[PDB]
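First up is the structure itself, then whatever we jot down about it.
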Amino acid sequence: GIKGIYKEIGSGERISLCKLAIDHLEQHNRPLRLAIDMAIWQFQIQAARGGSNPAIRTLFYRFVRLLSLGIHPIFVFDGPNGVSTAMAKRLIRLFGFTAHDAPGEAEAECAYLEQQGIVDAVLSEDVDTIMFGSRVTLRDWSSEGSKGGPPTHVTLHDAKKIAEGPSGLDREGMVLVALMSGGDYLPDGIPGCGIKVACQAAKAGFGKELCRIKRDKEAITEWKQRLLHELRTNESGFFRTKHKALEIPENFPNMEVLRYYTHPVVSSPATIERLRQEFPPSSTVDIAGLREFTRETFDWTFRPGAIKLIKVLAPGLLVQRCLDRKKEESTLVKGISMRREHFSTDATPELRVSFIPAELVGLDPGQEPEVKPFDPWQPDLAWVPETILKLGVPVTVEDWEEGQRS
DNA sequence: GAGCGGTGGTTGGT
DNA sequence: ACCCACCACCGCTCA
Ligand SMILES: [Mg+2]
């Protein structure tokens with residue numbers, strides 16, 4: 001749930017992660033900070049086949065993509081209140097990313113971190129994050145349109161635009177929507193009441209009123225008999241019809257379920273404060289660590305496996321190295337050859353950069369046993385956001401720019 | 001989780 | 001008695 005929510009709030013803006021990451025880097029002068037709920041992986045990585053551990057392999061490639069986007073991720077795990085959690089946490093550490101355990105539900109924690117300013121957006125499986133206080137919420141990190149290929153885009157929902165759009169649904173309203181019609185995930189919901197009726201009750205204002213009331217029987221019995229009377233007669237015309245068959249359980253509205261949404265179990269103030277000092281971390285990618293991980297987990301063994309790690313990892317490391325920080329510069333970028341504004345990044349300016357993968361990664365395939373091909377000591381080419389390049393290798397970008405103006 | 005067509009119930013009107 | 005539009009719910013499909 002909430003089932004049919006997108007008919008009411010819109011299915012969302014659809015947008016390149018690159019574009020979000022780079023717009024934010026341009027506006028706020030630092031990389032986008034993203035809370036990712038580790039639940040999004042369950043039905044997404046199971047399609048992967050072949051080789052060893054194809055599910056954690058896809059996680060690996062998504063992490064390399066995050067490096068390329070220059071995004072500081074914090075992956076949030078559910079708390080007590082077939083990819084191992086331990087293996088995921090290890091791979092997260094190796095990549096210099098952050099792992100965080102929610103005390104309860106991860107989506108609630110993700111929204112909380114956003115509210116408290118630890119992250120700028122949440123990436124989650126659905127828009128429940130909005131009932132929990134999220135303002136910018138992303139879902140469905142995946143490829144675009146008829147292209148069954150690389151995952152470049154996400155679906156963005158803005159709690160502010162939704163509240164001021166046709167649905168009227170803000171945090172308060174949705175809350176009512178699922179007390180009244182969330183009879184599968186929650187107790188004492190109204191049988192026969194679905195999204196339409198619940199929604200037009202939210203609009204009438206019943207969700208605002210309910211959220212501003214002590215959890216004070218005298219006033220919660222009042223609200224109920226306004227709502228109940230209004231459903232029966234539609235005197236104010238808040239509905240499209242009368243609803244006399246709609247029978248309301250004695251125990252509705254369950255105030256303990258209201259508690260679960262308005263005051264969800266999240267980290268303590270002390271924990272929020274530790275995250276302010278420690279996130280994002282000052283961590284670099286553990287290269288030797290990842291070499292050992294990929295040997296053990298994917299059987300990327302011996303020289304072929306060393307060369308495979310290098311090819312896959314190097315564009316990522318380049319971007320990451322750029323965002324850290326008469327002047328060398330070349331130790332990252334050998335040259336630039338072209339510029340484009342591609343539909344896949346929603347016209348984010350990119351420069352065609354050259355680099356030496358093995359040099360950049362710092363692994364020598366020769367120290368490992370031998371068993372049109374890819375040579376990691378030849379120059380490789382990658383498109384990299386012009387903005388990132390300007391921060392990281394400014395005089396190379398300048399030199400290319402004059403080259404162009406001639 | 002989210003989209004889809006069928007279906008069975010409700011409502012308000014023929 | 002019955003139609004009709006709307007709706008919530010169900011199982012089924014991609015995950
Ligand atoms: Mg959810």
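Chain identifiers are assigned alphabetically (A, B, ...) following the order of the sequence lines, protein sequences preceding nucleic acid strands; residue numbering begins at 1 within each chain.
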Using whole Å, report how far CD1 of A:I9 lies from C1' of B:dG1.
14 Å

Taking pairing as Watson-Crick or G-U wobble with both contacts under 3.5 Å, can you name the mate of C:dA1, or confirm there isn't one?
B:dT14

Is the gap between the ring centers of A:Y260 and A:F132 under 6.0 Å?
yes

Nearest-Å distance for atom pair CD/P, residues A:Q42 and B:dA2
15 Å

Test log, rule side chain to side chain contact (heavy atoms under 4.5 Å, CB included), inputs A:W377 and A:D364:
CA-CA 10 Å; A:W377 297 103; A:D364 180 38; 3.8 Å; yes

Take the protein atom CG of A:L246 and the nucleotide atom P of B:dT10, then report the distance between them rounded to whole Å.
10 Å

From CG of A:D140 across to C1' of C:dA15 the rounded distance in Å is 11 Å

Measure from CE on A:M180 to P on C:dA8 and round the result to the nearest Å.
11 Å

Can you measure A:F43 atom CZ to B:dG3 atom P for me and round it to whole angstrom units?
17 Å

Ring centroid separation for A:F293 and A:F60, is it under 6.0 angstrom?
no

B:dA2 phosphate, OP1 or OP2, under 4.0 Å from A:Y6 side-chain N/O:
yes

Please pick, from C:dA8, B:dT10, B:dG12, the nucleotide with the shortest atom-to-atom distance to any side-chain atom of A:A245.
B:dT10

So what does A:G4 hit on the nucleic acid, given a heavy-atom distance under 4.0 Å: a base, only sugar-phosphate, or nothing?
nothing

Taking the cut-offs as 6.0 angstrom to the six-membered ring centre and 45 degrees off its axis, would you call A:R139 and A:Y6 a cation-pi pair?
yes

In whole Å, what is the span from the CD atom of A:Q200 to the P atom of C:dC6?
13 Å

Give one of base, sugar-phosphate or nothing for A:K3, where a contact means two heavy atoms less than 4.0 Å apart.
nothing

Report which part of the nucleic acid A:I195 touches: base, sugar-phosphate, or nothing (heavy-atom distance under 4.0 Å, all strands).
sugar-phosphate

In whole angstrom, what separates A:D184's CG from C:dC10's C1'?
12 Å

Can you tell me the base-pairing partner of C:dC6? Count Watson-Crick or G-U wobble geometry only, both distances below 3.5 Å, and say none if there is no partner.
B:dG9

Nearest to the side chain of A:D126, heavy atoms from C-beta on, is which of C:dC7, C:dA15, B:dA2?
B:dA2

5'-most contact on DNA chain B (nearest-nucleotide basis), A:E125 vs A:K7, goes to A:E125

Could you check whether A:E109 and A:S267, counting side-chain N and O atoms only, form a donor-acceptor pair closer than 3.5 Å?
yes

